[PDB]
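1. coords please:
(one chain, ligands or ions: 2)
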Amino acid sequence: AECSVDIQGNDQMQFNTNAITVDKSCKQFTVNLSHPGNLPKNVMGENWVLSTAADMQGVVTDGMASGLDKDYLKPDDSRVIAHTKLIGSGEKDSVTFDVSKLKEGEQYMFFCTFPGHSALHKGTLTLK
Ligand SMILES: [Cu+2]
Ligand SMILES: [Cu+2]
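-> Numbers count the residues shown, from 1 in each chain. Ligands and ions are numbered 1, 2, ... in the order given. This is the structure:
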């Protein structure tokens, strides 16, 4: 099975997937994120951050408090299962993580932690 996804977006900052299924037979999984816009990361930063659905609010809130210089993630946040760098126009990043960190049946969310974005830039992730 495929163990990679490419996440891409609009000129209007709309992204092309809101649900990711990680196949159980994957040993690693890769997310490729690319920025579709014209603005730099301090104005329109994008990242892809994975946590349990339960942890998403805490990660987002603490990330906002941490600020741009920390890519809007609290340092040493063990709630974060995997994530990309915060990227801006013309940039891309990839993250590969260990699928053994996921549990079948647990509910996961991926989201952007740039302030205010997570209500729009988010989706589910499932190990199946
Ligand atoms: Cu965003
Ligand atoms: Cu990190």
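
2. and the residue most central in space within the chain, what does it touch?
-> Geometric centre of the chain, nearest residue: residue 48, 1.7 Å, by CA atoms, centre = their mean. Residues in contact with residue 48 (CB atoms under 8 Å, 6 or more residues apart in numbering) are 7, 31, 33, 83-84, 95, 110-112. C-betas here are computed from N, CA, C, even on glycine.

3. what distance separates the strand or helix carrying residue 110 from the centre of its chain?
-> For residue 110, the element it lies in under DSSP states H and E is strand 108-111. For strand 108-111, the separation from the chain centroid amounts to 7 Å (computed by CA atoms, centre = their mean, to the nearest Å).

4. can you check stretch 48-68 too?
-> Its chain's C-alpha centre and that of stretch 48-68 lie 10 Å apart, by CA atoms, centre = their mean.

5. that stretch and ligand 1, any residue contact?
-> No - judged by CB under 5 Å from the ion, stretch 48-68 stays clear of ligand 1, getting no closer than 9.0 Å.

6. this structure: strands as residue ranges?
-> Taking DSSP state E to define them, one finds strands in the chain at 4-7, 19-22, 28-34, 49-52, 82-83, 92-98, 108-111, 122-127.

7. parallel or antiparallel, which strands does the shortest one pair with?
-> When sheet partners are counted by DSSP bridges, strand 82-83 sits next to strand 49-52 (antiparallel).

8. list the contacts of the partner strand.
-> For strand 49-52, contacts defined as CB under 8 Å, 6+ apart pick out 59, 63, 73, 79-84, 97, 106-113, 125.
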